[PDB]
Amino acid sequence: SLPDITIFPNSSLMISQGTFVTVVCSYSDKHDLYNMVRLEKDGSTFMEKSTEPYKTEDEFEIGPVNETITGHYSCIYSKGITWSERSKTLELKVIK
């Protein structure tokens, strides 16, 4: 194999205007328990859908991006009104 590189901190990403972004929400171990997944942006629901029946990843394609896409994002998995769990938060900054 070729070498790899990883840099920290990596929670804040730069994204060019007109880019297509893919957000991959994932829930190891517990995915079958939750029937909805939502992408939260800046404290409110941005996109949502039913979870995949047979994979543990749920993708949201966001593109082409503009300035409205700048913000903080997290994935929340839920069932009904009572149960929900959230991921870490990532920051996107869209640049022109």
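When you see a residue number, it is the position in the sequence shown, counting from 1.
Higher mean CA temperature factor between 6-14 and 74-82: 74-82, per the PDB entry. Taking the PDB entry at face value, the top CA B factor among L39, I69, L33, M36 belongs to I69. In the deposited entry, the Cα temperature factor of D58 sits in the bottom third of values across the chain's modelled residues. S28: CA B factor lies in the highest third for its chain, per the PDB record.
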